[PDB]
52 protein chains.
Amino acid sequence: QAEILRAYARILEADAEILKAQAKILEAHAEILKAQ
Amino acid sequence: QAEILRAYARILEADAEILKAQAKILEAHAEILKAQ
Amino acid sequence: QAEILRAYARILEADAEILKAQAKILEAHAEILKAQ
Amino acid sequence: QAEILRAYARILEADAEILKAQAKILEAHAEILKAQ
Amino acid sequence: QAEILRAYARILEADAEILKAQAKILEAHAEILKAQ
Amino acid sequence: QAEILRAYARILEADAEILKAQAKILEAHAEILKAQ
Amino acid sequence: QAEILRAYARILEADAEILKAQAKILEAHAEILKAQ
Amino acid sequence: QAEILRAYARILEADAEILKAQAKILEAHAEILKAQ
Amino acid sequence: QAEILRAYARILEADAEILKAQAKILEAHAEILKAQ
Amino acid sequence: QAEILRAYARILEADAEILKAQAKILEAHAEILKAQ
Amino acid sequence: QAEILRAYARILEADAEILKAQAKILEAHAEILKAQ
Amino acid sequence: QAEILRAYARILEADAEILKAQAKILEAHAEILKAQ
Amino acid sequence: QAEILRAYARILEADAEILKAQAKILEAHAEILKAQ
Amino acid sequence: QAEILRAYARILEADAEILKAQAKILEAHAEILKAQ
Amino acid sequence: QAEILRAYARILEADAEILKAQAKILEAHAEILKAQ
Amino acid sequence: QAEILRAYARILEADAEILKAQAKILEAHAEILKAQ
Amino acid sequence: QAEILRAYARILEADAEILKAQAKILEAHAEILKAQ
Amino acid sequence: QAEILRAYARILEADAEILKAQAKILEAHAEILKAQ
Amino acid sequence: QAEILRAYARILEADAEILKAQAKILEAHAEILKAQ
Amino acid sequence: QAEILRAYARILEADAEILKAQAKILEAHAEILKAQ
Amino acid sequence: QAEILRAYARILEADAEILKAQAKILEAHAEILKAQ
Amino acid sequence: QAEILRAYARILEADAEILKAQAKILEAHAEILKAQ
Amino acid sequence: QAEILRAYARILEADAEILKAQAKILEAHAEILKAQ
Amino acid sequence: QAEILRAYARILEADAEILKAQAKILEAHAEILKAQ
Amino acid sequence: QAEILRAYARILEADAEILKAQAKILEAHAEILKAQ
Amino acid sequence: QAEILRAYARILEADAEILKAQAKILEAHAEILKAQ
Amino acid sequence: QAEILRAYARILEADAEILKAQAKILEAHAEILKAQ
Amino acid sequence: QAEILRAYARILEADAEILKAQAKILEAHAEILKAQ
Amino acid sequence: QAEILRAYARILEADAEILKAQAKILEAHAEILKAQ
Amino acid sequence: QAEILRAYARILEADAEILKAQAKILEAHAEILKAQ
Amino acid sequence: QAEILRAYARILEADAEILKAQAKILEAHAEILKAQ
Amino acid sequence: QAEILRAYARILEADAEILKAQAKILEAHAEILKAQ
Amino acid sequence: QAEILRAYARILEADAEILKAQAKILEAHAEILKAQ
Amino acid sequence: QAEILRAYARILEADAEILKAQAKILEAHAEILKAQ
Amino acid sequence: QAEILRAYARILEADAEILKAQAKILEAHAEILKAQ
Amino acid sequence: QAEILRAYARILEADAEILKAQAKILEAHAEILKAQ
Amino acid sequence: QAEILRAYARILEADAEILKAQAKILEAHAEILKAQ
Amino acid sequence: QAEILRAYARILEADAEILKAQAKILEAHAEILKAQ
Amino acid sequence: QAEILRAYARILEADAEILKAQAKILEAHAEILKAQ
Amino acid sequence: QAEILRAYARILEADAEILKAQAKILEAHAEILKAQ
Amino acid sequence: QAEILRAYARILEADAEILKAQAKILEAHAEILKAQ
Amino acid sequence: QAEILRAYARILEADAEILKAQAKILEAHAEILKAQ
Amino acid sequence: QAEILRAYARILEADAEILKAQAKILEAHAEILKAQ
Amino acid sequence: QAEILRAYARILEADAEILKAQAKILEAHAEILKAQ
Amino acid sequence: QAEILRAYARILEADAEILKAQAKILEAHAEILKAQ
Amino acid sequence: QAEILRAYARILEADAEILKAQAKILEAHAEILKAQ
Amino acid sequence: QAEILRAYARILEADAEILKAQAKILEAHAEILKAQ
Amino acid sequence: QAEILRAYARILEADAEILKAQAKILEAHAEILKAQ
Amino acid sequence: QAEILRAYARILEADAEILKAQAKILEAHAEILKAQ
Amino acid sequence: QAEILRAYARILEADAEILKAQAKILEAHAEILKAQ
Amino acid sequence: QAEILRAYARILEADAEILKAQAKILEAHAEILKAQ
Amino acid sequence: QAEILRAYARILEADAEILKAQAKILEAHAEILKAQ
């Protein structure tokens, strides 16, 4: 049954990837504001 | 039933790819502003 | 029914490809501005 | 049975990754506020 | 049986990582408040 | 049998890491209160 | 047999680290009370 | 055999570290009471 | 054989460190009583 | 052979350190009684 | 040979330090009795 | 050869320090008896 | 050769210090008897 | 050559200090007998 | 040459100090006999 | 040349001090005999 | 030249002091004989 | 209830610190007047 | 109940510190008047 | 309610710090006048 | 029960300190009047 | 409501820091005048 | 039981200190009246 | 509303930093004058 | 509206950074003068 | 049992100190009346 | 309108960077003079 | 047993001190009456 | 119009980069002189 | 018109790159001198 | 056994001191009556 | 006309590339000297 | 006319390529010397 | 006439190709020496 | 005979190819598990 | 005969390839476990 | 004969490759244990 | 003949590579023990 | 002939690399012992 | 000829590297002994 | 000719590095002896 | 010509570094002797 | 010409550093002798 | 011209540093002689 | 012109420092003579 | 013009410091003569 | 105008300090003559 | 206007200090003449 | 107006101090004449 | 108004002090005339 | 109103002190005339 | 009302003191006339 538990770990890693991508969006806004 | 759970993980990874692409759009605006 | 869920994942990957292509358009504008 | 215990450790590491990503979101807000 | 004891040590290190990530969230709030 | 004794030392070091992380949480609250 | 005696010394150093971490928790409460 | 005697010295130094850490706990209580 | 005699001196210095740490505990109680 | 004689002097200095530490314990009791 | 004679002087100074430390113990008892 | 004569003077000064320390012990007993 | 004569004066001053210390011992006995 | 004559004066002053110290010993015996 | 004559005066004053110290010894015996 | 004459006066005053000190010795014997 | 004449007066006063001191010696013998 | 009584003692010590600081102000005026 | 009695002693010592500080204020006025 | 009383003590200590700082200003004027 | 009796002695010594401080206030007035 | 009272204490400590900084300015003028 | 008797002696010495302090107050009034 | 009060404390700390920086400028002038 | 007040604090911190940089310029002149 | 008898002597000396202090009070009144 | 105020803060930080760079130029001259 | 007899002498001397102190009280009344 | 103000900040940062590069040139001269 | 201002910033960054390249030339001379 | 006989002489001298003190009390009454 | 200004920036970047290439030549000489 | 200016930039980039190729020749000599 | 200028750029690129080919010859010698 | 030795090298390379192919089988299982 | 020595080097390189392939097998197991 | 010496270097490099491959095997076991 | 000396350097570098590979083996054991 | 001297430097650097690799082996043993 | 002198400096730096590596070996033994 | 003088300085700095490395060897022996 | 004089200063600083390194060697011997 | 005078000051400071280093050597001998 | 006068002051301060360093050498000899 | 007068004061203070350093040399000789 | 008058006072204080330093030299000679 | 009058008082106090320093020189000569 | 009158008193006290210092000079001559 | 009258008293006391200092000068001449 | 009358008494006491100081001057002349 | 009458008595006592001081002046003239 | 009558007695005693002082003046004239 350990397989299901690693599958939940896979979903939680995907949520971490979503939130890191939103962080990259806001860092790109910071680069736009620094470039001017 | 673990298969369905990995399929949800696949969808969440695709959402992460969408948000990374929007981050690349805004970084490209930053490169346009730095190039001038 | 997992098949339908992977098909939604296919559509979301295609949206990611669209947004990456717009990022490449704006990076090409940055290369035009750097080339002058 | 040690395998299950490492699987719980994998889930807890994934939770740590989620919270680090939220920290990166708020640090990116700090960079937006410093860039202006 | 020492293996199980190191596995408990792995879980406790993961709990330490969770709490360090919450500390990074609150330090990022401190950086937002200093940036204004 | 010394191996087991070092494994207990590993667990006690992990408990020390947990309590240091809680100390970092409260120091981050102190930084939030100083930043205002 | 000296090895076992140093292993007991390792455990006692880990107990010292635990109590120093609790001291850091209470010093962080002192910093919260000074920051207001 | 001098090695064993230095190992006993190592244990006694670790006991000194434990008691110094308890002294730091009570000094932190003193700082909490002075901060109010 | 002088080496053994310095090792006894090392043990006696460690006993001095233990008793100084207990003195620091009681001085910290004195600071708690003065802080109120 | 003078080396052995200085080693005895080292032991006697360590005994002096032990008794000074006990004096510091009792002075700390005096500070507790004065603080109330 | 004067070196040996100074080494005896070093031992006698260490005995003086021992007896001064016992004097400090009894003066600390005097401070405990005055503090009440 | 005057060096040896000053070394004897050093030993006699150390004996004076021993007897002054015993005088301080008995003066501390006098302070204990006056403090009650 | 006057140097040797001052060295004898140094020894006689050290003897005076020894006898003054014995006088201080007996004066401390007098203080013990007066304190009761 | 007057230097030697003052050095003899220094020795005679040291003898005076020795005899004054013996006088202080006997005065301390007188104080012990008066204190009872 | 007057310097030598004052140096003889210094020696005679030191002899006076020796004899005054012996007088103080015998006066201290008189105080011992009066104290009983 | 008057300086030499005052120096002789200084020597004669020192002789007077010697004889006064012997008078004090014999008066102290008189006090010993009266004290019994 | 009157200065020299006062210096002779100083010497004669010192001779008077010598003879008064011998008178005090013999009066002290008289006190010893009266004390018995 | 003794805690409240020590808290009143803390307030009275703070008043003493205020008045000592005013004394230091006027001593600094005295140093200005002495420096000219 | 002796604790309460020492707490009253602590308050009375604090009153003594207040009045000593007022004495230092007036001594500083005296130093200002002497400095002119 | 003792907490409020220590908070008043904190305010009075801050007033003491203000007045000590004004004393340091005037001592610095005294150092300027002494330096010339 | 002797402890209570020394505590009363502590209170009476504190009253003595209060009255000595008032004496120092009036001596400071005397110094102000002498300085003019 | 104690929080507001500590906030007033924070403001008064900041005023103390301002006045200490002005004291450091004038001490730096004193160092300029001493350096010449 | 002699301890209790010395404790009564301690109280009577404290009463003597109180009355000496009142004497110092009135001597300070005498100094104020002499200073005018 | 306590937030506004800490914000005023932040402004006053910034004024303290300005004045400390001017003090560092004048200390650097003092170092230039000492270096020659 | 507290945001505006922290923005004024940000400007005052930037002024502090300007003046610290001028202090570093003059300390570098001091290092040039010491290096020769 | 002689110890108890000296303790009674200590109490009687303390009574003598009380009455001498009252004598000093009345002598201070005499100084006030002479100062006018 | 707070945005404009942070933009002024950005300009003042850039001025601080200019002056720090001039300080680094003069420190590099100091290193050239020390290297010879 | 002579020790007990000297202890009775000590008590009788203390009674003499009490009565001399009462004599000083009445002489101080005489000084008050003469001062008017 | 804030955009223009950030553009001026961009120019001032570029001036800072120019002056840092000149500092690196002179530090490289210092390294040439140290390498020989 | 902001575009022209960023173009001037681009030219100033290119000047910074030129001067950094000259710094790299001189650091390479330093490496040649260290390699021998 | 002569020691006991001198101890009786010491007691009789103490009785003489008591009666002389009563004589001083009555002479002080005589001074009070003469002062009016 | 901004186009011409970016063309000047292109020329200045090419000059930077020339000077970086000369730096690489001299670093290659440094590698030849280190390889032997 | 901007075309001519980019053509000069093309020539300067070709000169950079020539000098990079000479750097690669000397790095290849360094590889020959390291290979032996 | 820009055509001629690009033709000179073509010749300079061909010279760069010649020198890169000589670099490849010497790197091939390095590979021969490493292969043995 | 070197030919046989290269033939053994050929066999060992073929074994390496077998094990790399099994690695590709398991990587293909990993791709199947990631594709769902 | 160097040819044989390079042939042994060829065999040892083939053994390295075998062990790298087993490492790739176990890394593929790690990828299977991460993919779930 | 240098050729033979480089051939021995080739064999030693092949042994290094074997041991690095065993290190990669054990790192792959570490990745398997982390993946669960 | 320098060629032979560099060939010995090549062999010693290969020995260094062997020992670094054994260090990597033992670090991989450390990673296996940390992963559990 | 300097070439030979740098070749000896190359050999000594290779010996340094050997001994650093043995240090890394023993640090890896330390990591194995800490990991348990 | 300075080149030869720097080559001797290169050899002495290589000897320093050898001895630092032996120091790292013994520090690694210290870490092994602390890890147990 | 100054170049030669700096080259001698380079050699003397290398000798300093050798002796510092021997100091680090003996400090590592001290750490081995403290670790047991 | 000042350059030569600073070069002599560089040599004298290098001699100071040599002697400080020998001091560190002997302090490390002191640490070895204290560690036993 | 002041530059030359500061260069002489630099040489004299270097001589001071040499003599301080010899003082540190002899203090390290003192620490070796105290450590035994 | 005041600059030259401060430069002479710099030289005289350097002479003071030389003589203080010789004083530290002789104090270190005193510590060597006391340590035996 | 006052600046020149303070510069003369600086020179006279430096002469005072020279003579104080010679006093410290001779006090260190006194400590050497007392240590034997 | 008072500034000039204080500058003359500064010079006279420096002369006082010179003469006090010569007094310390001669007191150090006195300590050398007493130490023998 | 009182300021000028205090400045004259400052000069007269400095003259007093000069003459006290000459008195200390001659008292040090007296100590040299007494020490022999 | 009383301030001016106290300033005249300050000058007259400074004249008294000058004449007391001359008295100390002549008393030091008296001590030189007595020391011989 | 009484203040002015006490200021005249202060001046007259300062005149008394001047004349007492002249008396001390002439008494010091008397001591010089007695010392010879 | 009695205050003014005591102020006149203060002035008359100061006149008495002046005339007593003149009496001490003439008594010092008498001592000079007796000392010769 | 008796206070005023004692104040007149104080003035008359001060007149008595003035006339006694004139008597001491004339007695000092008598001592000058007797000393010759 | 008797108090007023004693105050008149105090005034009449002060008149007696005035007339006794005039008698002492005329007796001092008698001593001047007898001394000649």
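Below, the structure is looked at part by part. (Residues numbered from 1 in each chain as written, not as in the entry; some residues may be left out. Chains lettered and ligands numbered in written order. Heavy atoms only, no water.)

Some remarks on the overall build of chain A
Then, in step 1: Looking only at helices and strands, chain A has one helix and zero strands in total.
Then, in step 2: Expressed as lengths along the three principal axes of its C-alpha atoms, the size of chain A is roughly 55 × 5 × 5 Å.
Then, in step 3: Put simply, chain A has 36 residues, and 61% of those count as buried.
Then, in step 4: Accessible surface for chain A amounts to roughly 1600 Å². Of this, 51% is attributable to carbon and sulfur atoms. (Helix = DSSP H or I, 4+ residues; strand = E, 2+ residues; numbered from the N terminus. Buried < 20%, exposed > 50% of the residue type's maximum accessible area, 1.4 Å probe, protein only. Areas by Shrake-Rupley, 256 points an atom, 1.4 Å probe, with all protein chains shown as cover.)

What to know about a nonpolar patch on the surface
Then, in step 1: Taken together, the side chains of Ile 4, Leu 5 and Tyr 8 of chain Q present a nonpolar region at the surface, about 300 Å² in accessible area.
Then, in step 2: Mapped onto the secondary structure, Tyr 8 of chain Q falls in helix α1 (residues 2-35). (Patch = residues over 30% accessible without salt bridge, like charges linked within 9 Å, V, L, I, M, F, W, Y side chains within 5 Å. Salt bridge = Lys/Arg side-chain N within 4 Å of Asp/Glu carboxyl O.)

Considering the interface of chain D and chain A
One frequently used descriptor of interface size is the decrease in accessible area upon assembly of the parts.
Then, in step 1: The partner chain A presents 19 residues to the 20 residues of chain D that form the contact.
Then, in step 2: Summed over both sides, the interface between chain D and chain A buries roughly 1800 Å², with carbon and sulfur atoms accounting for 76% of that surface.
Then, in step 3: Where chain D touches chain A, the interface holds one salt bridge.
Then, in step 4: Across the pair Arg 6 of chain A and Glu 3 of chain D runs a salt bridge whose closest N-O atoms are separated by 2.4 Å.
Then, in step 5: Summed over the shared surface of chain D and chain A, the result is one residue pair in polar contact.
Then, in step 6: In terms of residue class, the side of chain D that touches chain A is made up of 11 nonpolar, three polar and six charged. (Contact = heavy atoms within 4.5 Å. Buried area = accessible area lost by both parts, 1.4 Å probe. Polar contact = N/O pair within 3.5 Å; in protein donor to acceptor, adjacent residues only side chain to side chain. Nonpolar A, V, L, I, M, F, W, Y, C, P; charged D, E, K, R; others polar.)

Comments concerning the side chain of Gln 36 of chain Y
Then, in step 1: By the secondary structure assignment, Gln 36 of chain Y is in the segment after α1 (2-35).
Then, in step 2: Within the local environment of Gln 36 of chain Y, its side chain forms a polar contact with the side chain of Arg 6 of chain AQ, the two groups lying 3.2 Å apart.
Then, in step 3: Among residues more than four places away in sequence, those in contact with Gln 36 of chain Y are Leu 33 of chain AA, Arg 6 of chain AP together with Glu 3, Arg 6, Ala 7 and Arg 10 of chain AQ.

Describing the side chain of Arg 6 of chain A
Then, in step 1: Inspection of the secondary structure puts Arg 6 of chain A in helix α1 (residues 2-35).
Then, in step 2: Once you skip the residues sitting within four places of it in the chain, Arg 6 of chain A turns out to touch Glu 3 and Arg 10 of chain D, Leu 33 and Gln 36 of chain AJ together with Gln 36 of chain AK.

Overview of the packing of helix α1 (residues 2-35) of chain AX against helix α1 (residues 2-35) of chain AY
Then, in step 1: Packing of α1 of chain AX against α1 of chain AY brings their axes to within 8 Å, and their N-to-C directions diverge by 10°. When the interaxial angle is binned, α1 of chain AX and α1 of chain AY end up roughly parallel.
Then, in step 2: Grouping the amino acids of the contact of α1 of chain AX with α1 of chain AY by side-chain chemistry returns 21 nonpolar, four polar and 12 charged. (Axes fitted to C-alpha atoms, helices over the stretch in contact; angles between N-to-C directions. Parallel < 35°, antiparallel > 145°, perpendicular 65-115°, else oblique.)

What to know about the arrangement of the chains
Then, in step 1: Across the gap from chain B to chain G, with no contact made, the nearest C-alpha atoms are 38 Å apart.
Then, in step 2: A minimum C-alpha distance of 80 Å separates chain C and chain K, which share no contact.

A short note on the environment of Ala 28 of chain AD
Then, in step 1: Structurally, the position occupied by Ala 28 of chain AD is in helix α1 (residues 2-35).
Then, in step 2: Taking relative accessible area as the criterion, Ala 28 of chain AD reaches 0% and is therefore assigned buried.
Then, in step 3: Residues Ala 28 of chain AD and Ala 14 of chain AD, 14 residues apart in the sequence, show an inter-C-alpha distance of 21 Å.
Then, in step 4: Residues in contact with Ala 28 of chain AD, not counting those within four places in the same chain, are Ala 23, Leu 26 and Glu 27 of chain AF.

A word on the environment of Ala 35 of chain J
Then, in step 1: In this structure, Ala 35 of chain J sits in helix α1 (residues 2-35).
Then, in step 2: Contact partners of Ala 35 of chain J, with chain neighbours within four places excluded, come to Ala 30, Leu 33 and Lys 34 of chain I together with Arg 10 of chain S.

What to know about helix α1 (residues 2-35) of chain AH
Given 3.6 residues per helical turn, the α-helix brings residues three or four places apart onto the same face.
Then, in step 1: Between its terminal C-alpha atoms α1 of chain AH stretches 49 Å, which fits the 50 Å expected from 34 residues at 1.5 Å a residue.
Then, in step 2: Listing the buried residues of α1 of chain AH in full gives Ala 2, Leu 5, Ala 9, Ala 16, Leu 19, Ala 23, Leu 26, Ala 30 and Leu 33 of chain AH.
Then, in step 3: Looking at the buried positions of α1 of chain AH, the neighbouring elements they touch are α1 (2-35) of chain AG, α1 (2-35) of chain AK together with α1 (2-35) of chain AL. (Expected span 1.5 Å × (residues − 1).)

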